[PDB]
Amino acid sequence: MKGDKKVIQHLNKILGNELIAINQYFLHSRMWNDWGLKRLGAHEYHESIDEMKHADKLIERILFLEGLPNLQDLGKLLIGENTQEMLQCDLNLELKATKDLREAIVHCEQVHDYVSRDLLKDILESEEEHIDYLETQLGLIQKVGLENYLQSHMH
Amino acid sequence: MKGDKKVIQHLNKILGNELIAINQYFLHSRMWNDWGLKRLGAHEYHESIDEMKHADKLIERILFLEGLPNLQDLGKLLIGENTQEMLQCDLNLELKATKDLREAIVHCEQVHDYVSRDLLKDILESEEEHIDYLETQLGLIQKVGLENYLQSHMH
Amino acid sequence: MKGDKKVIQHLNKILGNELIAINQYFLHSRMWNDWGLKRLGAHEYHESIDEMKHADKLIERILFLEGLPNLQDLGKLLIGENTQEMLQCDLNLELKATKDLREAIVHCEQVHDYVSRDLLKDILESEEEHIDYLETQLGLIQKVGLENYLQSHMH
Amino acid sequence: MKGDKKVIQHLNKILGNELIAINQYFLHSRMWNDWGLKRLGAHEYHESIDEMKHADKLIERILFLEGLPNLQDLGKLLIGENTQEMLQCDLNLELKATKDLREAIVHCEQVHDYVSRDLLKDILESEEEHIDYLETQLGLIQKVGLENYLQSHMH
Amino acid sequence: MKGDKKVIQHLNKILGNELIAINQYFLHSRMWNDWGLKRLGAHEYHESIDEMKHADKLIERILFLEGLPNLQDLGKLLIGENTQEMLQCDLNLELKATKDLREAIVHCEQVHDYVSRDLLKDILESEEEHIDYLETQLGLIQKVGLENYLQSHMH
Amino acid sequence: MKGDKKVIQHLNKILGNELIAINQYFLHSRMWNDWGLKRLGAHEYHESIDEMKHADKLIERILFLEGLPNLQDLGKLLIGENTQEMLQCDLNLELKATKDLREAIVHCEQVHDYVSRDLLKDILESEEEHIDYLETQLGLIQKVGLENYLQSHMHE
Amino acid sequence: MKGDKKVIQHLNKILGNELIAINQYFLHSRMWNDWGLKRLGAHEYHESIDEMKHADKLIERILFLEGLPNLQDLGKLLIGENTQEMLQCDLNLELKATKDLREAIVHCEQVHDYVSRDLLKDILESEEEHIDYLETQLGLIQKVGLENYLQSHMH
Ligand code: HEM
Ligand code: HEM
Ligand code: HEM
Ligand SMILES: O=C1NC(=O)c2c(NCCCc3ccc(O)cc3O)cccc21
Ligand SMILES: O=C1NC(=O)c2c(NCCCc3ccc(O)cc3O)cccc21
Ligand SMILES: O=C1NC(=O)c2c(NCCCc3ccc(O)cc3O)cccc21
Ligand SMILES: O=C1NC(=O)c2c(NCCCc3ccc(O)cc3O)cccc21
Ligand SMILES: O=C1NC(=O)c2c(NCCCc3ccc(O)cc3O)cccc21
Ligand SMILES: O=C1NC(=O)c2c(NCCCc3ccc(O)cc3O)cccc21
Ligand SMILES: [Fe+2]
C-alpha cells in the first residue's frame, strides 16, 4: 500500500534509533555479565530483545508501505565505562528516542496514517517504561549506595 | 584473562561479518514475507537468529579476553532485488565469512588460543551448513524452474 | 448516550461498506469453493466473518449513541469472474473502505468522540491487514504464475 | 547343514547383486539429498536399507548351509548423472536382479531346497515392488513433466 | 562448495577403509552368530553399523565439496577363521584406518579445511574406541582363557 | 595402543596439576564452609569435583596409551588464609595449569595424537571457565566491597 | 571449638591413610577397567569414593577442632601388577589403616573426645567391611581359580 514518503522517513529514523539501542543494550548486557552483575546483564538483555521486536515491527510496516527499511546506517553507540555511566547512556538514548517518536506520531496523525501512529504509540509506551526503569535504578544507587546496588545485582 | 591482541582483532572481524549477516538476512526474511514467500521468509529468519547467537558468543569471548567488542562499525549489506539475487547475495557474504574464519583459526592456532579456535570452528560449521543450503536453493531454481521454486516457498 | 449526528452518519457509512464486503467476500468464497479452490474459499470465508464482526461492533456503537443503524441501503457489490479479478475487486473495495475510515476518524477526533475513533482505528488495522493479504496474493500471481498460484490453493 | 554347492553359488550371486544395489541406491540417495530433492533421497535411502536387510538374510542362509558368503567381490555400480538416468539405472539393475532370482529359484526347486526358494521368493517380491516404484516414477516424469516431478520431491 | 581435490582424495581413502570395515565386521558378526557366540555377534554388528554411519557422513561431505564418492572400489577384507584371528584381523584393519585418518587430518589442517578435520577427528575417536575394545578382548582371552572368553559371549 | 612417550609425560604433568587442584579446592571449600560462607564452599566443592573428573579422564587416557598414570607425586598446594588470598591462589594455580595444557596440546598436534589433543582442549575449556569465575569474583570484591562480597556468599 | 592437639594429630594421620587409599583404589579401579574387568573396576571405584567421603568428614572434623587438615603429604601407594597383587596391596593398606584407627580411638577416649571417637568408629566399621570384601575375594580366587574369578568380573 503506497505510504506517505515522510512517514516512511520517520519510521526509518525510529528504526535507526532501535538499531542503536539493540547493540548498545546487548553490549551493556554482556559487559555486566562479564563483571558478574548477572541480574543487570539479564535485565539489559531483555531490554535488547525488546528493541529487536520493535525493530521487526518497524521493518514490516515500512515494507507494507512500499518503503525501503534502512538497516545499513548505524548511529553512535553510547557505551559507558561503569554501571552508573551505562545506565545514564541508556537513559540519554531513550530520551532521544521518545522525542523522535513524538515527532513521528505528529506526522502520522497529520497524514491520517492512524495505523502507523498506533504502532509508534505502542513503541513509545515500551520506551517510557524503559525510562521509568532507568530513572528508578539511578535513584536506587543514590538511596542504597553503589556497593549495595551492585551487590543486589550479582545473582 | 589477557587475550592476544591480534586474536581479538580477528574475533572483531568475524563479529563484524556476523553483524552484517544478521541485518542482511533479517531484511531478506521480511522482504520474502512481504512478498508472500513465507517458507523462505521463515527459513531466512532462522538464519538471522543463528548469526545473532554466533555474535553473542563472539562478544562474550572478546570480553573474557579483555578486548572491546566492536558493535559500532557495520559493513556493507548485500541486498538483492529478487529471490535469485538475494540468495546469491547471502552466498557471497558467506564465502567472505568463511575465508575470514579460516584466517582467524590459523591465528588462534599459532598463539595457542585453542578455545577461541574451537568457537570459530563451531561457527564455521554453521556457516558451511548455510552455504550448503544456499547453493542447493540456487541449484533447485535451475532444476525445477523459478516459478515452481517460488511456488514451493509460498506456504 | 447522545452521539454527534455526523459521527453517526460516518459510522453508518462505514457500516455500509462492511455490509457490501460481507456479501462480496461471502460470494467470492463460495465461488472459489465451487471451483475447487478450497484454500481461497476458506480464506475468503474468514474475511467475510471478520467483516460480519466489524459490522456488529458498528451496529452496537450506533445504538449506544442513540442512532439508527442502516442495514437497508446496500451499495454496489464488486463481483469478479476469475480469481485475479476477484482479488482485485476485494482490493478496490478495501481501498474505498480505508479512505472512508480515515475521514470518519478525522471527524471523531474533531468532536472528541475518542471511543468511536478507537473502534474505527481497530477496524482500519484489520482492513489494512486485508489489503496486505490482497496485494501479496496479486504479487504472488505475478511471481509464481497463475496456474501455479491456483494449484497452490486447491487443497 | 550341508547345502547344495550350486544353491550356495546362486545365493552368492544374488548376494552380489544386493551388494551392488546397496551402494548404488545409497549413493543415489545422497546425491538427491545434496541436490535438495529430499523426498527422493529419503525414499532411495529406504530402498538401500531394504537391500541391506536382504543381504543379511542371504549371508545368514549361506552360513547355515556351510558356504562362504562373498562380500569381497563387488560388481559394477550403475550411477546416473541426473534424476531420469538414476531411476533408469536402478531399473536396469533390478531387471537383472529379478532374472537372476528366477534362475536361482528354478535350481532350488530342482534340488528340493524349499527354504532357500522361499527366501528368494520373498526377495523377489520386494524387488518387483521396487520395479513397480521405478516404472511408476519414470511414468510420472512423462505425465507431470520433469520440473514438476522434481518439485514434488523437494520437501 | 568447491573442495580441495586432495582433501577429497583423502576422504575417499577413509571411505574406502570404512567400506572394507562394514563388510568385514558384518561377516564376522554373522559368523559369530552362526557359531552361537551371540554377544560377540551383536557387538560386531553394532561395530559394522557404526562404520556405516561414518561412511554416510563421508559420502555426504564429499558430495558437499563437489567430489565423487567412491563406492565402487573395495579393498581386501581380512576374515579370520576363529575368534582370536577375527579380533586380530579387526585390529589390523583399525590400525591401518587410524594411520590413514591421521594423514588425512594433517592435510585438512594444512589446507584450512577445518570442518573436514573435525569430522575425521570424530571418526578417529570412534576408531580408537574400537581399538581399545579389540585390544582389551585379546587381553581378556589371555587372562580368562579362550574357553571362558567364548562362554562369556554365548548369550 | 602404544602412545608417544612425551605425550604420556605431558598427560602426567596435566594430571599432576589436576591432583594439586583437587586437594587445594577441596580444602578451600571446607574452610569456607567452616567460616559460614556456604555459597563459596559449595561452588568450590563443585570446582574440586570437576578436577576429579578431569583427572579420571586423564588416567583413563594414559592407561589406554600404555603409560603409567602418576598419582604418587603431589605438588605444592597453594592455600590462602583469607577469601581474597584463597581466590588468588586458585587463580595462580589455574594460570599455571592452562600454560601446561597449551604446551601439551602443541606436542599432541606435533605427533598426530589428535584424540589426546581433543581431551586436553575440553579440559582447557573447563579451566578457562574457572579462570573467568575467579577473575570475576576478585573484581566483584573491588566493586561491592569485601564485606558485601562475603555477605552474598553466606547462604545457599 | 579448641581440640586436643594429639587428637588432631591422630585425625591427620587417619586422613593421610585415607588419602593414600583414595589414589590407590582409584588407580586399581582404572587398571581393571582398562583390562576389561569392569565389575572389579566398578567395585574398586566405589571403594575409592567411600574413602573420599571419609576424608571429607575427617577434614571437616579437623577444621571444627581448629586444626589444619594435611592434604599435602601423601604416603606411599601400594600398586599391584596383577589382580591378586592389587587385592593384597589393598588389604595390606587396610590392615595398617585399622591399626591406626584403633590407636586414635584409644586416645580420643582418654581425653574424652567422644564425638571424634564416634566418627573414627564409623570409619573403622567401613574399613573392616572392606577387609571382609578383600579377604573374601582372595579366598574366591583360591576356590574358583583365577581364570573363573576374572571371568566373573568381566561384565
Ligand atoms: C537488525 C537487528 C536485529 C533484529 C531485527 C533482531 C531481531 C530479533 C528477534 C525478532 C528475535 C526473537 C525475539 C523473540 O521473540 O524471542 C531476536 C532474538 C535474539 N537476538 Fe536479535 N535482532 C537483531 C540484532 C541482534 C544482535 C546485533 C544481536 C547480538 C549481538 C542479537 C542477539 C539475539 C539473541 C541472543 C536472540 C535470542 C535467540 C534465541 O536464543 O532464541 N540480535 N532478534
Ligand atoms: C555403502 C555401504 C553401506 C552404507 C553407507 C550403509 C549405511 C547404513 C545406514 C546409515 C544404516 C542406518 C543405521 C542407523 O541409523 O541405525 C544402515 C543400517 C543397516 N545396514 Fe547398512 N550400509 C552399508 C552396507 C551394508 C551392508 C553391506 C550390509 C549387510 C550385508 C548392511 C546391513 C545393514 C543392516 C542389517 C542395517 C539395519 C537395518 C534395520 O533393520 O534398520 N549395510 N546401513
Ligand atoms: C582430597 C582428595 C579427595 C577428596 C576429599 C574427594 C572427595 C570427593 C567427594 C566428597 C565426592 C562426592 C562423592 C559422593 O557423595 O557421591 C567425590 C567424587 C568423585 N571423586 Fe573425589 N575426592 C578426592 C580425590 C579424588 C581423586 C584423586 C580422584 C580421581 C583421580 C577423584 C575422583 C572422583 C570422581 C570421579 C568422583 C565422582 C564425581 C561425579 O561424577 O559425581 N577424587 N570426591
Ligand atoms: O562498539 C563498541 N564496543 C566497545 O567496547 C565500545 C566502547 N567502549 C568503551 C569501554 C567500555 C568497557 C568495555 C569492557 C570493559 O571490561 C570495560 C569497559 O569500560 C565505546 C564506544 C563504542 C564501543
Ligand atoms: O539497508 C537497506 N535497506 C534496503 O532496503 C537496502 C537496499 N535495497 C535494495 C532494494 C531491495 C528491495 C526491497 C523491497 C522491495 O519490495 C523490493 C526490493 O527490490 C540495498 C542496500 C541496502 C539496503
Ligand atoms: O562409486 C562411484 N561414485 C561415483 O560418484 C560414481 C560414478 N559417478 C558418475 C557421476 C555422478 C554424479 C555425482 C555427483 C554429482 O553432483 C553429479 C553426478 O553426475 C559412476 C560410477 C561409479 C561411481
Ligand atoms: O568375502 C568373503 N567371505 C568369506 O567367507 C571370506 C573369507 N573366508 C575365510 C573363512 C572364514 C570362515 C567362515 C565360516 C566358517 O564356519 C569358518 C571360517 O573359517 C576370506 C576372505 C574373504 C571372504
Ligand atoms: O595441606 C594443608 N592443610 C592446611 O591447612 C595447609 C596450609 N594452611 C594455611 C592456613 C589456612 C587456614 C586454615 C584454616 C583456618 O581457619 C585458617 C587458615 O588460614 C598451607 C599449606 C598446606 C596446607
Ligand atoms: O602413582 C603410580 N602410578 C602407577 O602406575 C604406579 C605404580 N605402577 C606399577 C605398575 C602398575 C601397572 C599399571 C598398568 C598396567 O597395565 C600394568 C601394571 O603392572 C607403582 C607405584 C606408584 C604408581
Ligand atoms: Fe567358567
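Chains as they are written, first to last, in the deposited numbering: chain I, 1 to 155; chain C, 1 to 155; chain G, 1 to 155; chain B, 1 to 155; chain E, 1 to 155; chain F, 1 to 156; chain K, 1 to 155.
Beta carbons are placed, not taken as given, at the ideal position from N, Cα and C, and that holds for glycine.
Around the C-beta of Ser-29(G), are 16 or more other C-beta atoms found within 10 angstroms, so that it is buried, or is it exposed?
Within the third sequence, numbered from 1, the residue matching residue 29(G) stands at position 29. Under this definition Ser-29(G) is a buried residue.
Any heavy atom of ligand 5 closer than 7 Å to the beta-carbon of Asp-132(G)?
Counting from one through the third sequence, the residue named residue 132(G) turns up at place 132. Flag unset: Cβ of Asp-132(G) not near ligand 5.
Determine the extent of the alpha helix (DSSP H) in which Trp-35(C) is found, giving its start and end residues.
Here residue 35(C) refers to the residue found at position 35 when the second sequence is read from its first residue. Careful: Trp-35(C) lies outside any alpha helix (DSSP H) and carries neither H nor E.
Output yes if chain K places a C-beta closer than 8 Å to the C-beta of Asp-34(F); else output no.
As a working note, residue 34(F) is residue 34 in the sixth sequence. By this cut-off, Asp-34(F) is an interface position.
Would you mind stating whether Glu-94(I) and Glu-127(I) have Cβ atoms separated by less than 8 Å?
Translated into positions along the first sequence, residue 94(I) becomes position 94. Translated into positions along the first sequence, residue 127(I) becomes position 127. Yes, Cβ-Cβ distance for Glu-94(I) and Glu-127(I) is below 8 Å.
Taking the CB atoms as reference points, tell me whether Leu-91(K) and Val-7(K) lie closer together than 8 Å.
Start at 1 with the first residue of the seventh sequence, and residue 91(K) comes out as number 91. Start at 1 with the first residue of the seventh sequence, and residue 7(K) comes out as number 7. No, the Cβ-Cβ distance between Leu-91(K) and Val-7(K) is not below 8 Å.
8 Å contact criterion, which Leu-37(I) and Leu-140(I) should meet: CB distance rounded
Within the first sequence, residue 37(I) is the residue found at index 37, counting from 1. Within the first sequence, residue 140(I) is the residue found at index 140, counting from 1. Going by Cβ atoms, the distance from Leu-37(I) to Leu-140(I) rounds to 14 Å, so no, they are not a contact pair.
In chain B, what lies closer than 7 Å to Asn-23(E) by C-beta?
On the fifth sequence, position 23 is the one that residue 23(E) refers to. Chain B residues near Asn-23(E): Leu-71.
Quick one: Cα of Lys-99(I) to Cα of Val-106(I), how far?
The residue given as residue 99(I) occupies position 99 in the first sequence. The residue given as residue 106(I) occupies position 106 in the first sequence. Each residue's Cα considered, the two are about 11 Å apart.
Nearest-angstrom Cα distance between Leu-71(F) and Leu-15(F)?
On the sixth sequence, position 71 is the one that residue 71(F) refers to. On the sixth sequence, position 15 is the one that residue 15(F) refers to. If I take the Cα positions, the gap works out to 8 Å.
When we look at the beta-carbon of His-153(F) and count the other beta-carbons within 10 Å, is it buried (16 or more) or exposed?
Position 153 of the sixth sequence holds residue 153(F). Buried: at least 16 other Cβ atoms inside 10 Å.
Among residues of its own chain, excluding the 5 on either side of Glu-109(C), which ones have a beta-carbon nearer than 8 Å to its beta-carbon?
Locating residue 109(C) in the second sequence gives position 109, counting from the first residue. So the qualifying residues of the chain are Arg-117.
Looking only at C-alpha atoms, which of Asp-122(B), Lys-143(B), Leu-68(B) sits nearest to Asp-4(B)?
Here residue 4(B) corresponds to residue number 4 of the fourth sequence, with the count starting at 1. The shortest C-alpha separation from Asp-4(B) is found at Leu-68(B).
Does the separation of the CB atoms of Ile-62(C) and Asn-23(C) fall below 8 Å?
Counting from one through the second sequence, the residue named residue 62(C) turns up at place 62. Counting from one through the second sequence, the residue named residue 23(C) turns up at place 23. Not in contact: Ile-62(C) and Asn-23(C) (Cβ atoms no closer than 8 Å).
How big is the Cα-Cα spacing for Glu-47(K) and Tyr-133(K)?
On the seventh sequence, position 47 is the one that residue 47(K) refers to. On the seventh sequence, position 133 is the one that residue 133(K) refers to. Their Cα atoms are separated by approximately 10 Å.
Looking at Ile-22(E) and ligand 6, is the gap between the Cβ and the nearest heavy atom below 7 Å?
Position 22 of the fifth sequence holds residue 22(E). No, the Cβ of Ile-22(E) stays beyond 7 Å of every heavy atom of ligand 6.
For ligand 7, list every residue whose C-beta falls under 6 Å from any of its heavy atoms, going in chain order.
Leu-68(B), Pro-69(B), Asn-70(B), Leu-71(B), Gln-72(B), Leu-27(E), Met-31(E), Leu-77(E), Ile-79(E), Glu-81(E)
For a quick check, are the C-beta atoms of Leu-101(B) and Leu-87(B) less than 8 Å apart?
As a working note, residue 101(B) is residue 101 in the fourth sequence. As a working note, residue 87(B) is residue 87 in the fourth sequence. For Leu-101(B) and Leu-87(B), no; Cβs fall outside 8 Å.
Helix, strand or coil for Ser-48(I), going by three-state DSSP, please let me know.
For the purposes of this step, residue 48(I) is identified with residue 48 of the first sequence, where counting begins at 1. Correct three-state label for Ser-48(I): helix.
Using a Cβ cut-off of 8 Å (strictly closer), state whether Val-106(E) contacts chain F.
Indexing the fifth sequence from 1 puts residue 106(E) at position 106. It does: the Cβ of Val-106(E) has a partner Cβ on chain F nearer than 8 Å.
If you run the structure through DSSP and keep just helix, strand and coil, what is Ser-152(C)?
Counting from 1 along the second sequence, the entry for residue 152(C) is found at position 152. Three-state DSSP puts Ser-152(C) in coil, outside helix and strand.
Along the alpha helix (DSSP H) that carries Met-86(K), what are the first and last residues, could you check?
The residue you call residue 86(K) lines up with position 86 of the seventh sequence. First-last of the alpha helix (DSSP H) with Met-86(K): 83-110.
So, with DSSP's three-state summary, where would you put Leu-65(F)?
In the sixth sequence, the residue the question calls residue 65(F) occupies position 65. Coil, per DSSP.
So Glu-135(F) contacts chain C; which residues on that side make the cut at Cβ distance below 7 Å?
Position 135 of the sixth sequence holds residue 135(F). Within 7 Å Cβ-Cβ: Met-1.
Under a three-way DSSP split, which group does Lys-2(I) fall into?
Position 2 of the first sequence, counted from the start, is the residue given in the question as residue 2(I). Looking at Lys-2(I) - three-state DSSP - the assignment turns out to be coil, as it is neither helix nor strand.
Please confirm whether any heavy atom of ligand 2 lies closer than 7 Å to the CB of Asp-122(E).
For this step, residue 122(E) is matched to residue 122 along the fifth sequence. Not so, every heavy atom of ligand 2 lies at least 7 Å from the Cβ.
According to DSSP, is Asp-122(K) helix, strand or coil?
Residue 122(K) sits at position 122 when you count from the first residue of the seventh sequence. Three-state DSSP puts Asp-122(K) in a helix.
Taking the alpha carbon of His-155(F) as the reference point, which residue from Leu-19(F), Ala-21(F), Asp-34(F) has its own alpha carbon closest?
Looking up residue 155(F) in the sixth sequence gives position 155. Of the listed residues, the one whose Cα sits closest to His-155(F) is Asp-34(F).
Taking 8 Å as the CB-CB limit, is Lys-5(E) close to chain K?
Taking the fifth sequence and counting its residues from 1, one reaches residue 5(E) at position 5. Judged by the 8 Å Cβ criterion, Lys-5(E) is not in contact with chain K.
Under the three-state reduction of DSSP, which class applies to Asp-73(B): helix, strand or coil?
Sequence index remark: in the fourth sequence, residue 73(B) carries index 73 (1-based). The answer is coil: DSSP assigns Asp-73(B) none of H, G, I, E or B.
Relative to the C-alpha of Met-52(F), which residue among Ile-123(F), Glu-81(F), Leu-138(F) is closest?
Residue numbering aside, residue 52(F) sits at position 52 when the sixth sequence is read from its first letter. Nearest of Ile-123(F), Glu-81(F), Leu-138(F) to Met-52(F), Cα basis: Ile-123(F).
At a cut-off of 7 Å, would you count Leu-63(I) as near ligand 5, judging by its Cβ distance to the nearest heavy atom?
Numbered from its first residue, the first sequence carries residue 63(I) at position 63. Yes - ligand 5 has a heavy atom lying nearer than 7 Å to the Cβ of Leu-63(I).
Mind listing which residues of the stretch 121-132 of chain F have their C-beta closer than 8 Å to chain C's C-betas, in chain order?
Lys-121, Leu-124, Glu-125, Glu-128, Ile-131, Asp-132
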